[PDB]
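Visitor: Right, I'll just put the structure down here and ask away after.
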Amino acid sequence: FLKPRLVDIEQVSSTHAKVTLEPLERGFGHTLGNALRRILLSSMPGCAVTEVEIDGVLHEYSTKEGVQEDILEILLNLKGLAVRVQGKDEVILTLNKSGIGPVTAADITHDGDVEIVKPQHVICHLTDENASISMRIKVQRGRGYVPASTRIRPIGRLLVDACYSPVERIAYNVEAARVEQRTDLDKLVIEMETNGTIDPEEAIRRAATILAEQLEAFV
Amino acid sequence: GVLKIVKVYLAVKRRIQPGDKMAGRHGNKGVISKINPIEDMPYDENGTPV
Amino acid sequence: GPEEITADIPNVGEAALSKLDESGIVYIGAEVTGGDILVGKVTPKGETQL
Amino acid sequence: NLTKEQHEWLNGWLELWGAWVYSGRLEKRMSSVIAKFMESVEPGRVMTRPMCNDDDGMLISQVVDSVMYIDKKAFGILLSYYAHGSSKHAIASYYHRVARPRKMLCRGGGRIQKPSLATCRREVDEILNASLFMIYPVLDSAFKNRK
RNA sequence: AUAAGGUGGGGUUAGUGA
C-alpha cells in the first residue's frame, strides 16, 4: 500500500483555505473524508471569550447611559469575537474607549501573546460626547460548546456561553489522481472554513493526532 | 390591614430542551425530539449543514 | 403587633444571609436559585405593648 | 472523662441536633381551625425548640454516625435524650421494664431478675458519659476541619 | 417539613379519514 502526503495548502483567503491529500486507494478518500470532516467539526482547541465585567453595570438586563445598544446585544457581539493566544491558557483583556463613534476591535489593550484577528468587528456605538466603557474580558482556552449554566461570584461578573470552535464549515472532495503510470489513485481536496484563529496544517495534524490516539485504545 | 408590600421581579433565561412545542405557519405542529450534534446532520456537496 | 422586614432571623445559616442587604432585601442582580430567601420577614409573636 | 466547658459546648450542639432531627418526625396532629385559633392568642409554653442550620446538623449527623455506628443501644439512648428530650430517669423506667431477666450474676448471688431501677440509672449514665467523651475530640476537630 | 386553597367567570391544550 501507499501513504498520502501533504502536497499543497492553498491559502485562498484570510479566513479559509484548501489543502490537498494525495495519493489514496479506493474508499480511503471517502473514509478519511467523512472521518476528518467529523473530527474537524468535532473538537479543536478554542480561544473563546469566557466572561465580561463591564464597569457601571449591575447585570445584563439593564442599560448604560451613553451607548445606543443594550448590554445584551453587546455581549452577544462579543460571543462572536475571535482572538489568538499563544503563551497562556487564560488571559484577561481590557478596553477603554470614550468619544463619539463606533467601538471597534482595535480599542482593546493588546499584548504580545494575545492577538485579535478581525480588527473591524464592531461592538457598539458611543453616542455621547463624554461617556465611556471600561470592561475586562476574561478569555481562556477550551474545546467544544459549553453553556454558562453547566459550570461549577461578585455580581459585576457577567457570564457568556462558550463556543470553543475555531472551525466553521468543512467540505471534502475526492477525485482521481494524475499519478505516473497508474490509475485508481485519488486526489483528496478538503475545504475548511476558519474564522482566522487556526492554521490548517496544524489543524489536520491535531486531528490525525487525536485519531491515532483513538485507534491506539485497543491496538 | 397591610403595612407594606414588596414586589420582586425575577428574570429567567430559557433556551430550548427536547420536549418543547415549536411549529411553522401551516398547521405543521411539532414537539422537538432530539438535539443532535452537527456532525450527524445531512449536508450538501458544498458542505453546509441543514 | 406588626411584622418586620429586616435581616434579623432566627436559625438559618449565613448562606442566605450573604445575599441580602442591611435591610433584609436581595441586591439588584444577585443571581439566586430555588429555595433562597428574597426578603426576611418575621413576626413578633409575643410582643407586649403594655 | 470530659470537662465542664466541653460538656456545655457539646451539650448545646447536641440539643440543637436532636432538636433538628426531631423536626424530621414522621407526623404530628393539629387541625384546620387551631392555627386561626393560635395566631391571635399568646400560647404560653413555646414548645419550639431551636435548631441549627442544615449544614451543621447534617455535619454532626455524619459525626455521630461516624463514631456511634458501632453501638445501636447507645445511639438509641442518645436519640432518646436529645431527640425526644426525655429524661434519664424516664428511660430508666422504659428500659427497666424490658431490660430482660438475662440472668446477670451479681455480688449478692445467682439471681433471676432485672437489675434494679436503682441499678439501671448508673447503667445509663456510664454510657453517655463515655459516649460524649468518645465523640468530643472528633467533633471539635470537625468544626475546625470545615474551618 | 410553616405555602397554602373553597366558589364563580374567562382563556388555552390534547383528542378520524370513508
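Residues are named by chain letter and number: chains run A, B, ... in the order of the C-alpha cells, numbers start at 1 in each chain, and ligands are numbered from 1 in the order shown.
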Pick out the residues sitting within 10 Å of residue C:17, and hand them over as a PyMOL selection string; count only C-alpha atoms (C1' of nucleotides), and ignore anything fewer than 6 positions along from it in its own chain.
Guide: chain C and resi 7-9+24-26+36-38+40
Visitor: Show me, as JSON lines, the residues of chain C having an atom within 12 Å of stretch 9-14 of chain B, each with the closest atom pair and its distance in Å, using only C-alpha atoms.
Guide:
{"residue": "C:26", "atom": "CA", "partner": "B:10", "partner_atom": "CA", "distance": 11.1}
{"residue": "C:27", "atom": "CA", "partner": "B:9", "partner_atom": "CA", "distance": 11.8}
{"residue": "C:28", "atom": "CA", "partner": "B:9", "partner_atom": "CA", "distance": 9.7}
{"residue": "C:29", "atom": "CA", "partner": "B:10", "partner_atom": "CA", "distance": 9.4}
{"residue": "C:30", "atom": "CA", "partner": "B:10", "partner_atom": "CA", "distance": 10.2}
{"residue": "C:31", "atom": "CA", "partner": "B:10", "partner_atom": "CA", "distance": 9.3}
{"residue": "C:32", "atom": "CA", "partner": "B:10", "partner_atom": "CA", "distance": 9.2}
{"residue": "C:33", "atom": "CA", "partner": "B:10", "partner_atom": "CA", "distance": 10.6}
{"residue": "C:34", "atom": "CA", "partner": "B:10", "partner_atom": "CA", "distance": 11.5}
{"residue": "C:38", "atom": "CA", "partner": "B:10", "partner_atom": "CA", "distance": 10.2}
Visitor: From the set C:4, C:14, C:49, C:42, which residue has the shortest atom-to-atom contact distance to chain D, counting only C-alpha atoms?
Guide: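 Nearest candidate to chain D out of C:4, C:14, C:49, C:42: C:14.
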Visitor: Which residues come within 12 Å of residue C:11, counting only C-alpha atoms (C1' of nucleotides), excluding same-chain residues fewer than 3 positions away, as a PyMOL selection string?
Guide: (chain C and resi 7-8+14-17+40+42) or (chain D and resi 16+19-20+48-57)
Visitor: Give the strand (DSSP E) residues of stretch 75-157 of chain A, as DSSP finds them on the backbone, and put them as a PyMOL selection string.
Guide: chain A and resi 83-85+90-98+101-103+114-116+124-126+132-140+144-146
Visitor: Go ahead and write the residues just picked, N, CA, C and O atoms, as a CSV table (one decimal), in the first residue's frame.
Guide:
chain,number,residue,atom,x,y,z
A,83,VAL,N,-10.0,35.6,18.6
A,83,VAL,CA,-8.8,36.1,19.1
A,83,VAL,C,-7.8,34.9,19.1
A,83,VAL,O,-8.2,33.7,19.1
A,84,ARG,N,-6.5,35.2,19.1
A,84,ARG,CA,-5.5,34.2,19.1
A,84,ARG,C,-4.6,34.4,20.3
A,84,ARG,O,-4.0,35.5,20.5
A,85,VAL,N,-4.4,33.4,21.2
A,85,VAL,CA,-3.5,33.5,22.3
A,85,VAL,C,-2.4,32.4,22.1
A,85,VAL,O,-2.7,31.3,21.5
A,90,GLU,N,-5.2,31.1,30.0
A,90,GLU,CA,-6.2,32.1,30.2
A,90,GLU,C,-5.6,33.5,30.3
A,90,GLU,O,-4.4,33.6,30.6
A,91,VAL,N,-6.4,34.5,29.9
A,91,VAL,CA,-5.9,35.8,29.9
A,91,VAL,C,-7.1,36.7,30.1
A,91,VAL,O,-8.2,36.4,29.9
A,92,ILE,N,-6.8,38.0,30.5
A,92,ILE,CA,-7.9,39.0,30.8
A,92,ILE,C,-7.5,40.2,29.9
A,92,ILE,O,-6.4,40.7,30.0
A,93,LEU,N,-8.5,40.6,29.1
A,93,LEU,CA,-8.3,41.7,28.2
A,93,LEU,C,-9.1,42.9,28.7
A,93,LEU,O,-10.0,42.7,29.5
A,94,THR,N,-8.7,44.1,28.2
A,94,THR,CA,-9.2,45.3,28.8
A,94,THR,C,-9.4,46.3,27.7
A,94,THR,O,-8.5,46.6,26.9
A,95,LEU,N,-10.5,47.0,27.7
A,95,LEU,CA,-10.8,48.1,26.7
A,95,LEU,C,-11.2,49.3,27.5
A,95,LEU,O,-11.9,49.2,28.5
A,96,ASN,N,-10.8,50.5,26.9
A,96,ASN,CA,-11.2,51.8,27.5
A,96,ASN,C,-11.4,52.7,26.3
A,96,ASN,O,-10.5,53.0,25.6
A,97,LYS,N,-12.6,53.2,26.2
A,97,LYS,CA,-12.9,54.0,25.0
A,97,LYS,C,-14.0,55.0,25.3
A,97,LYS,O,-15.0,54.6,25.7
A,98,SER,N,-13.7,56.3,25.0
A,98,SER,CA,-14.6,57.3,25.1
A,98,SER,C,-14.7,58.1,23.7
A,98,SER,O,-13.9,57.8,22.8
A,101,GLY,N,-18.5,57.6,18.5
A,101,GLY,CA,-18.1,56.8,17.4
A,101,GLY,C,-18.4,55.3,17.6
A,101,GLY,O,-18.9,54.9,18.7
A,102,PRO,N,-18.1,54.5,16.6
A,102,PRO,CA,-18.2,53.0,16.8
A,102,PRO,C,-17.1,52.5,17.6
A,102,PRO,O,-16.0,53.0,17.6
A,103,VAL,N,-17.4,51.4,18.4
A,103,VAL,CA,-16.4,50.8,19.2
A,103,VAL,C,-15.9,49.6,18.4
A,103,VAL,O,-16.6,48.6,18.2
A,114,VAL,N,-1.5,37.8,23.1
A,114,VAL,CA,-2.8,37.8,22.6
A,114,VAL,C,-2.8,38.5,21.3
A,114,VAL,O,-1.9,39.3,21.0
A,115,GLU,N,-3.8,38.1,20.4
A,115,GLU,CA,-3.8,38.7,19.1
A,115,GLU,C,-5.3,38.6,18.6
A,115,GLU,O,-5.8,37.5,18.3
A,116,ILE,N,-5.9,39.7,18.4
A,116,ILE,CA,-7.2,39.7,17.7
A,116,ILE,C,-7.0,39.4,16.2
A,116,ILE,O,-5.9,39.7,15.7
A,124,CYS,N,-20.1,48.3,19.7
A,124,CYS,CA,-21.2,49.2,19.9
A,124,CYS,C,-20.8,50.6,19.4
A,124,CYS,O,-19.7,50.8,18.9
A,125,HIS,N,-21.8,51.5,19.5
A,125,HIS,CA,-21.6,52.9,19.2
A,125,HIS,C,-21.7,53.8,20.4
A,125,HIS,O,-22.7,53.7,21.1
A,126,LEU,N,-20.7,54.5,20.7
A,126,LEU,CA,-20.9,55.6,21.7
A,126,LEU,C,-21.7,56.7,21.0
A,126,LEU,O,-21.4,57.1,19.8
A,132,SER,N,-18.0,56.6,28.4
A,132,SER,CA,-17.1,55.6,28.1
A,132,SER,C,-17.5,54.3,28.7
A,132,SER,O,-18.3,54.2,29.5
A,133,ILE,N,-16.9,53.2,28.1
A,133,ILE,CA,-17.0,51.9,28.7
A,133,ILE,C,-15.6,51.4,29.1
A,133,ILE,O,-14.6,51.8,28.5
A,134,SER,N,-15.6,50.6,30.1
A,134,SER,CA,-14.4,50.0,30.6
A,134,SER,C,-14.7,48.6,31.1
A,134,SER,O,-15.2,48.5,32.2
A,135,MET,N,-14.5,47.6,30.2
A,135,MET,CA,-14.8,46.3,30.7
A,135,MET,C,-13.5,45.5,30.7
A,135,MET,O,-12.5,45.9,30.2
A,136,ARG,N,-13.6,44.4,31.4
A,136,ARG,CA,-12.5,43.5,31.4
A,136,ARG,C,-13.0,42.1,30.9
A,136,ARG,O,-13.9,41.6,31.5
A,137,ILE,N,-12.3,41.6,29.9
A,137,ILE,CA,-12.8,40.5,29.1
A,137,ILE,C,-11.9,39.3,29.5
A,137,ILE,O,-10.7,39.3,29.1
A,138,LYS,N,-12.4,38.3,30.1
A,138,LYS,CA,-11.7,37.2,30.5
A,138,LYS,C,-11.8,36.1,29.4
A,138,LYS,O,-12.9,35.9,28.9
A,139,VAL,N,-10.7,35.6,29.0
A,139,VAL,CA,-10.6,34.7,27.8
A,139,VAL,C,-9.7,33.5,28.2
A,139,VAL,O,-8.6,33.7,28.7
A,140,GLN,N,-10.2,32.3,27.9
A,140,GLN,CA,-9.4,31.2,28.2
A,140,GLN,C,-9.5,30.1,27.0
A,140,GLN,O,-10.3,30.3,26.1
A,144,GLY,N,-15.1,22.7,22.5
A,144,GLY,CA,-16.5,22.3,22.5
A,144,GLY,C,-17.4,23.4,22.8
A,144,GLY,O,-17.0,24.6,23.0
A,145,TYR,N,-18.7,23.1,23.0
A,145,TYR,CA,-19.7,24.0,23.3
A,145,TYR,C,-20.1,23.9,24.8
A,145,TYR,O,-20.6,22.9,25.2
A,146,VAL,N,-19.8,25.0,25.5
A,146,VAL,CA,-20.1,24.9,26.9
A,146,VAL,C,-21.1,26.1,27.3
A,146,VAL,O,-20.7,27.2,27.2
Visitor: What residues in chain A have any atom no more than 12 Å from chain B when counting only C-alpha atoms, and can you write them as number ranges by chain?
Guide: A: 33-43, 59-62, 72, 144-145, 147-149, 161, 168-174, 190-193
Visitor: Using only C-alpha atoms, find the residues of chain C whose closest atom to chain D is at most 8 Å away, then write them as a VMD selection string.
Guide: chain C and resid 11 to 13 45 to 46
Visitor: Keeping N, CA, C and O atoms, export the residues of the selection given above as an mmCIF file, in the first residue's frame.
Guide:
data_model
loop_
_atom_site.group_PDB
_atom_site.id
_atom_site.type_symbol
_atom_site.label_atom_id
_atom_site.label_comp_id
_atom_site.auth_asym_id
_atom_site.auth_seq_id
_atom_site.Cartn_x
_atom_site.Cartn_y
_atom_site.Cartn_z
ATOM 1 N N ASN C 11 -32.241 31.369 63.139
ATOM 2 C CA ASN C 11 -31.822 29.995 62.878
ATOM 3 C C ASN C 11 -31.898 29.600 61.403
ATOM 4 O O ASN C 11 -32.528 28.610 61.038
ATOM 5 N N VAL C 12 -31.251 30.388 60.550
ATOM 6 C CA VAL C 12 -30.782 29.870 59.275
ATOM 7 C C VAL C 12 -29.322 30.241 59.154
ATOM 8 O O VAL C 12 -28.816 31.116 59.857
ATOM 9 N N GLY C 13 -28.655 29.567 58.233
ATOM 10 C CA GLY C 13 -27.238 29.767 58.061
ATOM 11 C C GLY C 13 -26.916 31.087 57.393
ATOM 12 O O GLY C 13 -27.785 31.842 56.963
ATOM 13 N N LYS C 45 -44.245 37.335 67.328
ATOM 14 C CA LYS C 45 -45.069 36.608 68.275
ATOM 15 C C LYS C 45 -44.578 36.858 69.690
ATOM 16 O O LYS C 45 -43.406 36.637 70.006
ATOM 17 N N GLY C 46 -45.483 37.312 70.545
ATOM 18 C CA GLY C 46 -45.124 37.573 71.930
ATOM 19 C C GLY C 46 -44.675 38.992 72.199
ATOM 20 O O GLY C 46 -44.026 39.251 73.218
#
Visitor: At a cut-off of 8 Å, using only C-alpha atoms (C1' of nucleotides), what residues contact residue A:6? Leave out same-chain residues fewer than 3 positions from it and give the result as a ChimeraX atom specification.
Guide: /A:9,19-22
Visitor: Could you give me the residues within stretch 43-147 of chain D that DSSP places in helix (DSSP H, G or I), as JSON, numbers by chain?
Guide: {"D": [54, 55, 56, 57, 58, 59, 60, 61, 62, 63, 64, 65, 66, 67, 68, 72, 73, 74, 75, 76, 77, 78, 79, 80, 81, 82, 88, 89, 90, 91, 92, 93, 94, 95, 96, 97, 117, 118, 119, 120, 121, 122, 123, 124, 125, 126, 127, 128, 129, 130, 131, 132, 133, 134, 135, 136, 137, 138, 139, 140, 141, 142, 143, 144, 145, 146]}
Visitor: Near residue D:120, counting only C-alpha atoms (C1' of nucleotides), which residues have an atom at most 10 Å away, once you skip same-chain residues fewer than 6 positions from it, shown as a list in words?
Guide: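 Skipping anything fewer than 6 positions along the chain leaves residues 88, 89, 91, 92, 93, 95, 96, 99 and 114 of chain D.
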Visitor: Would you write out those residues with N, CA, C and O atoms, as a compact mmCIF listing (two decimals), in the first residue's frame?
Guide:
# COMPACT_ATOMS: atom_id res chain seq x y z
N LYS D 88 -33.27 11.07 81.93
CA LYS D 88 -32.53 9.85 82.18
C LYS D 88 -33.38 8.87 82.97
O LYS D 88 -33.36 7.66 82.71
N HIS D 89 -34.16 9.39 83.90
CA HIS D 89 -34.95 8.52 84.75
C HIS D 89 -36.12 7.93 83.99
O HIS D 89 -36.57 6.82 84.28
N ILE D 91 -36.17 7.03 80.79
CA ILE D 91 -35.72 5.88 80.02
C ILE D 91 -35.10 4.85 80.94
O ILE D 91 -34.85 3.71 80.54
N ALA D 92 -34.83 5.24 82.18
CA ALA D 92 -34.55 4.21 83.17
C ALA D 92 -35.81 3.40 83.42
O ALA D 92 -35.75 2.19 83.64
N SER D 93 -36.97 4.04 83.33
CA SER D 93 -38.21 3.30 83.52
C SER D 93 -38.56 2.48 82.29
O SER D 93 -38.88 1.29 82.41
N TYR D 95 -36.55 1.48 79.94
CA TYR D 95 -35.57 0.44 79.76
C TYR D 95 -35.68 -0.60 80.85
O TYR D 95 -35.49 -1.78 80.59
N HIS D 96 -36.05 -0.18 82.06
CA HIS D 96 -36.08 -1.14 83.16
C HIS D 96 -37.25 -2.09 83.02
O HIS D 96 -37.17 -3.22 83.49
N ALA D 99 -35.77 -4.70 80.37
CA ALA D 99 -34.30 -4.90 80.45
C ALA D 99 -33.96 -6.38 80.20
O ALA D 99 -32.80 -6.65 79.84
N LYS D 114 -34.43 -8.64 86.61
CA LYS D 114 -33.88 -7.39 86.13
C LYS D 114 -32.86 -6.88 87.14
O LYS D 114 -33.04 -7.03 88.35
